[PDB]
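Structure first, then comments.
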Amino acid sequence: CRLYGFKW
Amino acid sequence: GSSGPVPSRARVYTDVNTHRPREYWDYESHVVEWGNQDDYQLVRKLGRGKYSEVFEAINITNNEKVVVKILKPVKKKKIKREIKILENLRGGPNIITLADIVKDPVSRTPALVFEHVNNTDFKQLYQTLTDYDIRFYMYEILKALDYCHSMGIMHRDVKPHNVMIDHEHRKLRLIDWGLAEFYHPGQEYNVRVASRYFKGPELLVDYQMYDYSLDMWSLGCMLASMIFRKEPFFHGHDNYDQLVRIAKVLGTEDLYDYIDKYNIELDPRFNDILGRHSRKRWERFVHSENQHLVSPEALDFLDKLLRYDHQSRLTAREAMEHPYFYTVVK
Ligand SMILES: Nc1ncnc2c1ncn2[C@@H]1O[C@H](COP(=O)(O)OP(=O)(O)O)[C@@H](O)[C@H]1O
Ligand SMILES: [Mg+2]
Ligand SMILES: [Mg+2]
């Protein structure tokens, strides 16, 4: 799970 | 020529950027050395705006809690300006610490990594503050503003959401330097800055040759909202109504005197909404629920911040010398 490249 | 607005210079820290090396203020020349985006994993959402989404994150290299400011698309130029200002001001009193700069390899979305502050939403915190607590935190904001002004930087977005307070620790950090700019004497700036309720009269009457004193109008708006428990204090429905809301309290005599001093052309759509207003006494806002926050020293300080004439306002250091702060243990 990822947002703008960052892992949760 | 005869139709120009009259020029203005900051009363203080006027030439500080002139005498710096060019690389200090020339943010367009700044080069970013990107960190490793994989260092940071998002834990929780903290805030979202037209310009950013902000998360609590973990630095997996050291198990440190950080904040990641994911920047919405804007000119590269504006990203370098926020970074350069944060690097210039890093380590100063009550200035948020920039820790790292990273980018999504896929989307190319850049992100600022900051020191985490354990904030309490102003809409919960401010109504709990004692008279002492308000003076204490106002003094902490002034340390940041005198610092950034002394460093040739105007914040241009002073407001509660840009002031992080870890109340457990009485720790304050001035954040959000994305609209901040370098003060150069004679430079004409964009008036579309700050947030409506905190915009100084210079921005509302479209006077471009403004300076650090803009931040002191914003700070006055914060102080008024706080001591009178009325948030926001000047609640305009638009930039034009904003000046009417101000003029209904400070009166129009000093406003027209301001407009005349600087030969400001009043947008003629003010012609039908402004009129003439009496100057009200700061005492009309005092009531049973806020009287414990109000003192002659508080009203005197507020009166010296909320002046139409940017040159007449207290500077951050002059504010620090005001009797309102004599009781703050330093
Ligand atoms: N270091 C931080 N610690 C805690 N919360 C933060 C921090 N930085 C930003 N925030 C939160 O995220 C919001 C948006 O960050 P900010 O830098 O003000 O972005 P913008 O320029 O989009 O307004 C802030 O109003 C605050 O609620
Ligand atoms: Mg902000
Ligand atoms: Mg901002």
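We name chains A, B, ... following the order of the structure tokens; residues begin at 1 in each chain, and ligands are numbered from 1 as shown.
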
Enumerate residues in contact with ligand 1: an atom-to-atom distance of at most 8 Å, counting only C-alpha atoms and all ligand atoms. Format the result as a JSON list (two decimals) with N, CA, C and O atoms, in the first residue's frame.
```json
[["chain", "number", "residue", "atom", "x", "y", "z"],
["B", 46, "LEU", "N", -2.49, 14.23, 8.84],
["B", 46, "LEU", "CA", -2.51, 15.35, 9.81],
["B", 46, "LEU", "C", -3.23, 16.58, 9.24],
["B", 46, "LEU", "O", -3.89, 17.29, 10.04],
["B", 47, "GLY", "N", -3.11, 16.87, 7.94],
["B", 47, "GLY", "CA", -3.64, 18.11, 7.33],
["B", 47, "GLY", "C", -3.59, 18.03, 5.82],
["B", 47, "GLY", "O", -2.76, 17.25, 5.32],
["B", 48, "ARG", "N", -4.51, 18.71, 5.11],
["B", 48, "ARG", "CA", -4.55, 18.78, 3.62],
["B", 48, "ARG", "C", -5.08, 20.14, 3.16],
["B", 48, "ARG", "O", -6.09, 20.61, 3.73],
["B", 49, "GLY", "N", -4.44, 20.69, 2.13],
["B", 49, "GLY", "CA", -4.63, 22.05, 1.59],
["B", 49, "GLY", "C", -4.66, 22.02, 0.07],
["B", 49, "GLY", "O", -4.57, 20.92, -0.52],
["B", 50, "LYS", "N", -4.76, 23.20, -0.56],
["B", 50, "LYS", "CA", -4.67, 23.38, -2.03],
["B", 50, "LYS", "C", -3.25, 23.07, -2.50],
["B", 50, "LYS", "O", -3.12, 22.71, -3.68],
["B", 51, "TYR", "N", -2.26, 23.23, -1.62],
["B", 51, "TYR", "CA", -0.80, 23.10, -1.92],
["B", 51, "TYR", "C", -0.19, 21.82, -1.33],
["B", 51, "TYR", "O", 0.94, 21.52, -1.65],
["B", 52, "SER", "N", -0.82, 21.13, -0.38],
["B", 52, "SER", "CA", -0.10, 20.00, 0.28],
["B", 52, "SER", "C", -1.05, 19.03, 0.96],
["B", 52, "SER", "O", -2.14, 19.43, 1.38],
["B", 53, "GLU", "N", -0.55, 17.82, 1.16],
["B", 53, "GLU", "CA", -1.16, 16.82, 2.06],
["B", 53, "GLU", "C", -0.08, 16.53, 3.11],
["B", 53, "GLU", "O", 1.07, 16.30, 2.70],
["B", 54, "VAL", "N", -0.44, 16.49, 4.39],
["B", 54, "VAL", "CA", 0.57, 16.36, 5.46],
["B", 54, "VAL", "C", 0.25, 15.12, 6.27],
["B", 54, "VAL", "O", -0.90, 14.97, 6.71],
["B", 55, "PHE", "N", 1.27, 14.28, 6.48],
["B", 55, "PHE", "CA", 1.20, 13.03, 7.24],
["B", 55, "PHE", "C", 2.21, 13.01, 8.36],
["B", 55, "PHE", "O", 3.36, 13.44, 8.13],
["B", 56, "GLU", "N", 1.82, 12.37, 9.45],
["B", 56, "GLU", "CA", 2.73, 11.78, 10.43],
["B", 56, "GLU", "C", 3.36, 10.57, 9.74],
["B", 56, "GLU", "O", 2.65, 9.84, 9.02],
["B", 66, "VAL", "N", 8.26, 11.67, 12.28],
["B", 66, "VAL", "CA", 8.47, 12.90, 11.47],
["B", 66, "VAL", "C", 7.15, 13.31, 10.86],
["B", 66, "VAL", "O", 6.13, 12.62, 11.05],
["B", 67, "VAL", "N", 7.16, 14.45, 10.20],
["B", 67, "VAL", "CA", 6.02, 14.93, 9.38],
["B", 67, "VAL", "C", 6.48, 15.09, 7.94],
["B", 67, "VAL", "O", 7.58, 15.62, 7.65],
["B", 68, "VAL", "N", 5.64, 14.58, 7.03],
["B", 68, "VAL", "CA", 5.95, 14.66, 5.57],
["B", 68, "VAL", "C", 4.95, 15.63, 4.93],
["B", 68, "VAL", "O", 3.74, 15.39, 5.07],
["B", 69, "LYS", "N", 5.44, 16.67, 4.27],
["B", 69, "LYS", "CA", 4.56, 17.62, 3.57],
["B", 69, "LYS", "C", 4.62, 17.30, 2.07],
["B", 69, "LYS", "O", 5.60, 17.70, 1.43],
["B", 71, "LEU", "N", 3.86, 18.02, -1.50],
["B", 71, "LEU", "CA", 3.52, 19.26, -2.21],
["B", 71, "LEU", "C", 2.64, 18.96, -3.44],
["B", 71, "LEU", "O", 3.08, 18.18, -4.31],
["B", 96, "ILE", "N", 10.38, 25.85, 12.60],
["B", 96, "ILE", "CA", 10.29, 24.40, 12.31],
["B", 96, "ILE", "C", 11.57, 23.93, 11.61],
["B", 96, "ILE", "O", 12.08, 24.65, 10.75],
["B", 97, "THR", "N", 12.01, 22.73, 11.96],
["B", 97, "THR", "CA", 13.25, 22.18, 11.37],
["B", 97, "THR", "C", 12.95, 21.30, 10.15],
["B", 97, "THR", "O", 12.20, 20.34, 10.29],
["B", 114, "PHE", "N", 9.84, 17.10, 7.95],
["B", 114, "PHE", "CA", 10.01, 18.02, 9.09],
["B", 114, "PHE", "C", 10.04, 17.27, 10.40],
["B", 114, "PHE", "O", 9.44, 16.19, 10.55],
["B", 115, "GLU", "N", 10.66, 17.94, 11.39],
["B", 115, "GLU", "CA", 10.43, 17.77, 12.83],
["B", 115, "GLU", "C", 8.93, 17.60, 13.06],
["B", 115, "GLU", "O", 8.16, 18.44, 12.56],
["B", 116, "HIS", "N", 8.52, 16.65, 13.89],
["B", 116, "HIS", "CA", 7.09, 16.49, 14.23],
["B", 116, "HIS", "C", 6.76, 17.38, 15.43],
["B", 116, "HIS", "O", 7.51, 17.36, 16.38],
["B", 117, "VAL", "N", 5.65, 18.11, 15.38],
["B", 117, "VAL", "CA", 5.15, 18.81, 16.58],
["B", 117, "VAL", "C", 3.81, 18.18, 16.93],
["B", 117, "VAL", "O", 2.96, 18.10, 16.04],
["B", 118, "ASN", "N", 3.61, 17.88, 18.22],
["B", 118, "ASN", "CA", 2.36, 17.25, 18.68],
["B", 118, "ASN", "C", 1.32, 18.31, 18.96],
["B", 118, "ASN", "O", 1.15, 18.68, 20.17],
["B", 119, "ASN", "N", 0.76, 18.87, 17.91],
["B", 119, "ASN", "CA", -0.11, 20.07, 17.92],
["B", 119, "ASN", "C", -1.44, 19.76, 18.62],
["B", 119, "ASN", "O", -1.94, 18.60, 18.54],
["B", 121, "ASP", "N", -5.20, 21.29, 17.92],
["B", 121, "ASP", "CA", -6.04, 22.16, 17.04],
["B", 121, "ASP", "C", -6.41, 23.43, 17.82],
["B", 121, "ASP", "O", -6.87, 23.33, 18.95],
["B", 160, "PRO", "N", -3.32, 30.81, 12.91],
["B", 160, "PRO", "CA", -3.24, 29.69, 13.84],
["B", 160, "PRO", "C", -2.81, 28.34, 13.24],
["B", 160, "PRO", "O", -2.09, 27.63, 13.85],
["B", 161, "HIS", "N", -3.30, 28.03, 12.04],
["B", 161, "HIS", "CA", -2.99, 26.72, 11.42],
["B", 161, "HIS", "C", -1.50, 26.63, 11.06],
["B", 161, "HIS", "O", -1.02, 25.51, 10.83],
["B", 162, "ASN", "N", -0.80, 27.77, 11.01],
["B", 162, "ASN", "CA", 0.65, 27.77, 10.68],
["B", 162, "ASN", "C", 1.46, 27.95, 11.97],
["B", 162, "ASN", "O", 2.67, 28.21, 11.87],
["B", 163, "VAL", "N", 0.82, 27.81, 13.12],
["B", 163, "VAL", "CA", 1.53, 27.90, 14.43],
["B", 163, "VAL", "C", 1.29, 26.60, 15.20],
["B", 163, "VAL", "O", 0.17, 26.41, 15.70],
["B", 164, "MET", "N", 2.31, 25.74, 15.25],
["B", 164, "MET", "CA", 2.19, 24.43, 15.93],
["B", 164, "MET", "C", 2.56, 24.58, 17.41],
["B", 164, "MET", "O", 3.59, 25.17, 17.70],
["B", 173, "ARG", "N", 6.15, 26.17, 17.38],
["B", 173, "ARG", "CA", 6.95, 26.22, 16.14],
["B", 173, "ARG", "C", 6.16, 26.97, 15.06],
["B", 173, "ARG", "O", 4.99, 26.65, 14.86],
["B", 175, "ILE", "N", 5.41, 27.29, 11.44],
["B", 175, "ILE", "CA", 5.60, 26.39, 10.26],
["B", 175, "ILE", "C", 5.09, 27.06, 8.99],
["B", 175, "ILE", "O", 4.75, 28.26, 9.05],
["B", 176, "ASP", "N", 5.06, 26.31, 7.88],
["B", 176, "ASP", "CA", 4.49, 26.81, 6.60],
["B", 176, "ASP", "C", 5.24, 28.04, 6.09],
["B", 176, "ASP", "O", 4.72, 29.15, 6.24],
["B", 177, "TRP", "N", 6.39, 27.82, 5.45],
["B", 177, "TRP", "CA", 7.17, 28.93, 4.85],
["B", 177, "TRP", "C", 7.00, 28.91, 3.33],
["B", 177, "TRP", "O", 7.86, 29.46, 2.63],
["B", 178, "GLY", "N", 5.90, 28.32, 2.84],
["B", 178, "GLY", "CA", 5.66, 28.20, 1.39],
["B", 178, "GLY", "C", 5.27, 29.51, 0.72],
["B", 178, "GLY", "O", 5.41, 29.60, -0.51],
["B", 179, "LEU", "N", 4.79, 30.49, 1.49],
["B", 179, "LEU", "CA", 4.44, 31.83, 0.91],
["B", 179, "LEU", "C", 5.48, 32.86, 1.35],
["B", 179, "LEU", "O", 5.37, 34.02, 0.93]]
```

Review point. Taking only C-alpha atoms into account, what are the residues of chain B at most 8 Å from chain A, put as number ranges by chain?
Key: B: 37-38, 40-43, 70, 103-107, 109

**Study point:** Nearest candidate to ligand 2 (options B:298, B:195, B:224, B:314; using only C-alpha atoms and all ligand atoms)
**Key:**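 Using only C-alpha atoms and all ligand atoms, the shortest distance to ligand 2 belongs to B:195.
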
Practice item. Pick out the closest residue to ligand 2 from this set: B:158, B:204, B:310, B:260. Count only C-alpha atoms and all ligand atoms. Key: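 Smallest distance to ligand 2 is found for B:158.
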
Practice item. Please run DSSP on the backbone and report, as a PyMOL selection string, all residues within region 76-110 of chain B that come out as alpha helix (DSSP H). Key: chain B and resi 76-89

Keeping N, CA and C atoms, export the residues of the selection given above as a PDB file, in the first residue's frame.
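Here's the written file selection.pdb:
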```
ATOM      1  N   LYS B  76       8.334  24.841 -10.007  1.00  0.00           N
ATOM      2  CA  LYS B  76       9.544  24.336  -9.298  1.00  0.00           C
ATOM      3  C   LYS B  76      10.121  25.478  -8.440  1.00  0.00           C
ATOM      4  N   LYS B  77      10.032  26.705  -8.966  1.00  0.00           N
ATOM      5  CA  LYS B  77      10.559  27.974  -8.396  1.00  0.00           C
ATOM      6  C   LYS B  77      10.055  28.158  -6.960  1.00  0.00           C
ATOM      7  N   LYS B  78       8.785  27.865  -6.738  1.00  0.00           N
ATOM      8  CA  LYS B  78       8.147  28.038  -5.407  1.00  0.00           C
ATOM      9  C   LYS B  78       8.648  26.951  -4.466  1.00  0.00           C
ATOM     10  N   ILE B  79       8.946  25.769  -4.992  1.00  0.00           N
ATOM     11  CA  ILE B  79       9.453  24.666  -4.145  1.00  0.00           C
ATOM     12  C   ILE B  79      10.861  25.057  -3.671  1.00  0.00           C
ATOM     13  N   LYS B  80      11.695  25.587  -4.547  1.00  0.00           N
ATOM     14  CA  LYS B  80      13.057  26.016  -4.138  1.00  0.00           C
ATOM     15  C   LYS B  80      12.955  27.148  -3.111  1.00  0.00           C
ATOM     16  N   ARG B  81      11.948  28.013  -3.225  1.00  0.00           N
ATOM     17  CA  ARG B  81      11.854  29.175  -2.301  1.00  0.00           C
ATOM     18  C   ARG B  81      11.570  28.677  -0.877  1.00  0.00           C
ATOM     19  N   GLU B  82      10.610  27.766  -0.729  1.00  0.00           N
ATOM     20  CA  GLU B  82      10.261  27.221   0.610  1.00  0.00           C
ATOM     21  C   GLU B  82      11.475  26.485   1.191  1.00  0.00           C
ATOM     22  N   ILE B  83      12.144  25.676   0.373  1.00  0.00           N
ATOM     23  CA  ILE B  83      13.328  24.899   0.841  1.00  0.00           C
ATOM     24  C   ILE B  83      14.438  25.868   1.263  1.00  0.00           C
ATOM     25  N   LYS B  84      14.745  26.855   0.424  1.00  0.00           N
ATOM     26  CA  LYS B  84      15.871  27.776   0.710  1.00  0.00           C
ATOM     27  C   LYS B  84      15.577  28.546   1.994  1.00  0.00           C
ATOM     28  N   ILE B  85      14.351  29.024   2.136  1.00  0.00           N
ATOM     29  CA  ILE B  85      13.976  29.778   3.354  1.00  0.00           C
ATOM     30  C   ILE B  85      14.094  28.869   4.555  1.00  0.00           C
ATOM     31  N   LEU B  86      13.618  27.632   4.484  1.00  0.00           N
ATOM     32  CA  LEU B  86      13.698  26.715   5.651  1.00  0.00           C
ATOM     33  C   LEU B  86      15.176  26.448   5.994  1.00  0.00           C
ATOM     34  N   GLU B  87      16.025  26.300   4.989  1.00  0.00           N
ATOM     35  CA  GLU B  87      17.474  26.021   5.253  1.00  0.00           C
ATOM     36  C   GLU B  87      18.118  27.276   5.868  1.00  0.00           C
ATOM     37  N   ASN B  88      17.746  28.462   5.383  1.00  0.00           N
ATOM     38  CA  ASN B  88      18.329  29.733   5.841  1.00  0.00           C
ATOM     39  C   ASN B  88      17.975  29.883   7.326  1.00  0.00           C
ATOM     40  N   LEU B  89      16.748  29.531   7.686  1.00  0.00           N
ATOM     41  CA  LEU B  89      16.211  29.843   9.043  1.00  0.00           C
ATOM     42  C   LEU B  89      16.401  28.673  10.004  1.00  0.00           C
TER      43      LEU B  89
END
```

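Going from CA of residue 302 (chain B) over to CA of residue 267 (chain B), you cover 27.8 Å.
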
Which of region 57-140 of chain B fall in strand (DSSP E or B), as a JSON list (two decimals) with N, CA, C and O atoms, in the first residue's frame:
```
[["chain", "number", "residue", "atom", "x", "y", "z"],
["B", 57, "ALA", "N", 4.65, 10.40, 9.93],
["B", 57, "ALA", "CA", 5.44, 9.32, 9.30],
["B", 57, "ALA", "C", 6.47, 8.83, 10.29],
["B", 57, "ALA", "O", 6.65, 9.47, 11.38],
["B", 58, "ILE", "N", 7.06, 7.69, 9.97],
["B", 58, "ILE", "CA", 8.18, 7.07, 10.71],
["B", 58, "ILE", "C", 9.34, 7.13, 9.75],
["B", 58, "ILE", "O", 9.15, 6.76, 8.55],
["B", 59, "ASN", "N", 10.47, 7.57, 10.26],
["B", 59, "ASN", "CA", 11.77, 7.38, 9.59],
["B", 59, "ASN", "C", 12.24, 5.96, 9.98],
["B", 59, "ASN", "O", 12.72, 5.81, 11.12],
["B", 64, "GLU", "N", 12.31, 7.32, 14.09],
["B", 64, "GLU", "CA", 11.90, 8.69, 14.54],
["B", 64, "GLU", "C", 10.56, 9.05, 13.90],
["B", 64, "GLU", "O", 10.35, 8.80, 12.70],
["B", 65, "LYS", "N", 9.67, 9.63, 14.69],
["B", 65, "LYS", "CA", 8.40, 10.20, 14.22],
["B", 65, "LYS", "C", 8.72, 11.52, 13.51],
["B", 65, "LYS", "O", 9.39, 12.37, 14.13],
["B", 66, "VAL", "N", 8.26, 11.67, 12.28],
["B", 66, "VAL", "CA", 8.47, 12.90, 11.47],
["B", 66, "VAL", "C", 7.15, 13.31, 10.86],
["B", 66, "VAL", "O", 6.13, 12.62, 11.05],
["B", 67, "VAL", "N", 7.16, 14.45, 10.20],
["B", 67, "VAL", "CA", 6.02, 14.93, 9.38],
["B", 67, "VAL", "C", 6.48, 15.09, 7.94],
["B", 67, "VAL", "O", 7.58, 15.62, 7.65],
["B", 68, "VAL", "N", 5.64, 14.58, 7.03],
["B", 68, "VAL", "CA", 5.95, 14.66, 5.57],
["B", 68, "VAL", "C", 4.95, 15.63, 4.93],
["B", 68, "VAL", "O", 3.74, 15.39, 5.07],
["B", 69, "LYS", "N", 5.44, 16.67, 4.27],
["B", 69, "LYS", "CA", 4.56, 17.62, 3.57],
["B", 69, "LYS", "C", 4.62, 17.30, 2.07],
["B", 69, "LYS", "O", 5.60, 17.70, 1.43],
["B", 70, "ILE", "N", 3.62, 16.58, 1.58],
["B", 70, "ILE", "CA", 3.56, 16.23, 0.13],
["B", 70, "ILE", "C", 3.04, 17.46, -0.62],
["B", 70, "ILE", "O", 1.89, 17.86, -0.36],
["B", 71, "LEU", "N", 3.86, 18.02, -1.50],
["B", 71, "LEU", "CA", 3.52, 19.26, -2.21],
["B", 71, "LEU", "C", 2.64, 18.96, -3.44],
["B", 71, "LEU", "O", 3.08, 18.18, -4.31],
["B", 95, "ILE", "N", 11.59, 28.11, 14.98],
["B", 95, "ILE", "CA", 11.41, 27.85, 13.53],
["B", 95, "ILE", "C", 11.38, 26.34, 13.34],
["B", 95, "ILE", "O", 12.27, 25.66, 13.84],
["B", 98, "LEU", "N", 13.48, 21.69, 9.00],
["B", 98, "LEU", "CA", 13.42, 20.82, 7.80],
["B", 98, "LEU", "C", 14.48, 19.73, 7.98],
["B", 98, "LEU", "O", 15.66, 20.10, 8.14],
["B", 99, "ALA", "N", 14.09, 18.47, 7.88],
["B", 99, "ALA", "CA", 14.98, 17.30, 8.11],
["B", 99, "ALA", "C", 15.45, 16.72, 6.77],
["B", 99, "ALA", "O", 16.60, 16.22, 6.67],
["B", 100, "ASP", "N", 14.62, 16.72, 5.75],
["B", 100, "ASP", "CA", 14.97, 16.00, 4.50],
["B", 100, "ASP", "C", 14.07, 16.50, 3.39],
["B", 100, "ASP", "O", 13.03, 17.13, 3.71],
["B", 101, "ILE", "N", 14.44, 16.22, 2.14],
["B", 101, "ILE", "CA", 13.70, 16.59, 0.92],
["B", 101, "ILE", "C", 13.72, 15.35, 0.03],
["B", 101, "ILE", "O", 14.85, 14.83, -0.19],
["B", 102, "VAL", "N", 12.55, 14.84, -0.33],
["B", 102, "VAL", "CA", 12.45, 13.57, -1.13],
["B", 102, "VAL", "C", 11.43, 13.73, -2.26],
["B", 102, "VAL", "O", 10.66, 14.71, -2.27],
["B", 103, "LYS", "N", 11.40, 12.79, -3.20],
["B", 103, "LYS", "CA", 10.52, 12.87, -4.38],
["B", 103, "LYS", "C", 10.05, 11.46, -4.77],
["B", 103, "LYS", "O", 10.87, 10.50, -4.64],
["B", 110, "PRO", "N", 7.37, 16.06, -5.12],
["B", 110, "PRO", "CA", 8.37, 16.32, -4.08],
["B", 110, "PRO", "C", 7.69, 16.46, -2.71],
["B", 110, "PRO", "O", 6.49, 16.73, -2.62],
["B", 111, "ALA", "N", 8.45, 16.19, -1.67],
["B", 111, "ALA", "CA", 7.93, 16.17, -0.29],
["B", 111, "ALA", "C", 9.03, 16.71, 0.63],
["B", 111, "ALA", "O", 10.23, 16.41, 0.44],
["B", 112, "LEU", "N", 8.60, 17.54, 1.59],
["B", 112, "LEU", "CA", 9.46, 18.07, 2.67],
["B", 112, "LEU", "C", 9.24, 17.22, 3.91],
["B", 112, "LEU", "O", 8.11, 16.97, 4.30],
["B", 113, "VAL", "N", 10.32, 16.83, 4.56],
["B", 113, "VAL", "CA", 10.24, 16.09, 5.82],
["B", 113, "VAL", "C", 10.66, 17.03, 6.94],
["B", 113, "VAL", "O", 11.76, 17.63, 6.84],
["B", 114, "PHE", "N", 9.84, 17.10, 7.95],
["B", 114, "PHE", "CA", 10.01, 18.02, 9.09],
["B", 114, "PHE", "C", 10.04, 17.27, 10.40],
["B", 114, "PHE", "O", 9.44, 16.19, 10.55],
["B", 115, "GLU", "N", 10.66, 17.94, 11.39],
["B", 115, "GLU", "CA", 10.43, 17.77, 12.83],
["B", 115, "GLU", "C", 8.93, 17.60, 13.06],
["B", 115, "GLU", "O", 8.16, 18.44, 12.56]]
```
